[PDB]
Amino acid sequence: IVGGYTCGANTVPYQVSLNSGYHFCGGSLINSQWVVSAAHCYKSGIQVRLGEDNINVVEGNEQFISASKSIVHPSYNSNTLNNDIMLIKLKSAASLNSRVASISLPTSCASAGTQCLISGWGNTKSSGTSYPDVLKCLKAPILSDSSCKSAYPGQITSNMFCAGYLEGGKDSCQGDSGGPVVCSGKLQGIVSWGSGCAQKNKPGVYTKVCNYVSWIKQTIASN
Ligand SMILES: NC(=[NH2+])c1cc2ccccc2s1
Ligand SMILES: [Ca+2]
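Residues numbered from 1 in each chain as written, not as in the entry; some residues may be left out. Chains lettered and ligands numbered in written order. Heavy atoms only, no water.

This entry lists X-ray crystallography as its structure determination method and reports a resolution of 1.36 Å.

The name the PDB entry assigns to the protein is PROTEIN (TRYPSIN), from the organism Bos taurus. Turning to the protein, the UniProt record has this under Subunit: "Interacts with SERPINA1." (UniProt positions renumbered as here; feature names shortened; annotations may be inferred.)

1. A few points about the UniProt feature "disulfide bond" in the protein
A sulfur-sulfur distance of 2.0 Å is found for the UniProt-listed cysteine pair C25 and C41, consistent with formation of the disulfide (criterion: under 2.5 Å). Taken together, the residues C25 in strand β3 (residues 23–31) and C41 in the loop between β4 (34–37) and β5 (47–50) connect sequence positions 16 residues apart. A separation of 2.0 Å between the sulfurs of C109 and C210 falls under 2.5 Å, matching the UniProt disulfide annotation for this pair. Pair noted here: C109 is in the loop between β7 (86–90) and β8 (115–120) and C210 is in the loop between β13 (204–208) and α2 (213–221), with a separation of 101 residues, a long-range link. (Disulfide = S-S within 2.5 Å. Helix = DSSP H or I, 4+ residues; strand = E, 2+ residues; numbered from the N terminus.)

2. Observations concerning the sheet that holds strand β11 (residues 180–183)
Pairing is antiparallel in the open sheet, where seven strands are placed in the order β1-β9-β8-β11-β12-β13-β10. Strands at the two margins of the open sheet, each flanked by one partner only, are β1 (5–6) and β10 (160–163). (Pairing = 2+ DSSP bridges.)

3. Details of the environment of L166
Topologically, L166 is positioned in the loop between β10 and β11. Exposure remark for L166: the relative accessible area of 29% places this residue in the partly exposed category. Each C-alpha atom of the pair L166 and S75 lies 30 Å from the other, and the pair is 91 residues apart in sequence. Apart from the residues lying within four places of it in its own chain, the contact partners of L166 are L143, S147, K200, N201 and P203. (Buried < 20%, exposed > 50% of the residue type's maximum accessible area, 1.4 Å probe, protein only. Contact = heavy atoms within 4.5 Å.)

4. Side note on the state of the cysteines
Note on terminology: disulfide describes a covalent bond linking the sulfur atoms of two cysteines. For the structure shown, the criterion picks out six disulfides. Across the disulfide, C25 is cross-linked to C41 (sulfur-sulfur distance 2.0 Å). Handedness of the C25-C41 disulfide follows from its S-S torsion of about -85°: it is left-handed. For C25, a relative accessible area of 4% puts it in the buried group. Between the sulfur atoms of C109 and its disulfide mate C210 the distance is 2.0 Å. Taking the sign of the S-S torsion, about 95° here, the bridge from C109 to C210 comes out right-handed.

5. Here's the deal with α2
Spacing of three or four residues puts side chains on the same side of an α-helix, whose turn is 3.6 residues. Every buried residue belonging to α2 is among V213, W215, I216 and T219, and all of these are buried. Each buried residue of α2 sits inside an arc of 160° when the element is viewed along its axis, so together they form one side. Facing away from the buried side of α2 by over 90 degrees, the exposed positions are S214, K217, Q218 and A221. Considering only its buried residues, α2 is in contact with β3, β6 (63–72) and β7. (Arc of directions from axis to C-beta.)

6. Thoughts on the UniProt feature "active site" in the protein
In this structure's numbering, the residues bearing the UniProt feature "active site" are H40, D84 and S177. Considering the C-alpha atoms alone, the annotated residues occupy 138 residues of sequence yet fold into one spot, their largest mutual distance being 10.3 Å. Looking only at the residues we just named, the largest pocket is lined by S177. Relative to the helices and strands, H40 is located in the loop between β4 and β5. A distance of 2.8 Å separates the side chain of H40 from the side chain of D84, its partner in a polar contact. Looking at where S177 falls in the secondary structure, it is placed in the loop between β10 and β11. A relative accessible area of 12% means that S177 is categorised as buried. Sequence-distant contacts of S177, that is, excluding residues within four places in its chain, are made with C25, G26, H40, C41 and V191. (1 Å grid on protein atoms, 1.4 Å probe; cavity = no way out; pocket = protein on both sides within 12 Å on 5 of 7 lines; lining within 4 Å. Polar contact = N/O pair within 3.5 Å; in protein donor to acceptor, adjacent residues only side chain to side chain.)

This is the structure we're talking about:
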């Protein structure tokens, strides 16, 4: 996350770190047994880490649970990143408490202009590499589709939306992939892609979760 701030320990209780020997993606806990992340975060051998703040230090509130299965969306296109969403089932249910909680799925899609909270342990420099150990947060509004499409011509589908500042400076970045974009208490997006990070006229592109609620619900009830 570039141009953001330190969240504070466990203030984003639904935030997850996917680890395969090291942290490689973020995710969101939607209920005690399931996590939603980005399909481009797919790997075999994933351990889900809940109640994290510093991911390099066991501070006492963590729960490390292995995944029993991963389900990448049936129509995910790795070339365009269209339908960039994946569900991960935990081998055991997480113990929800003040530090580990689930986030609600949306009942409708949010309006451009709505302010959201984006978080993750990704790079914090636009030009350079600095990976933080504690969770970083960013409040950014959803941009209109017109500004999103003019920034990325022929690349935005109806399953993506842009959030950020066209002036650059604040944005999500690699390492933040799969993480949550929460607006008004609901999970509206998933960190998916962008051109560089915090660049002028290159906002972040997020998977539009409101388009997958039926698929999520149906998939979890049958697995
Ligand atoms: N500009 C951005 N918001 C992003 C850029 C990248 C690049 C790689 C992986 C994830 C992301 S999010
Ligand atoms: Ca830790």
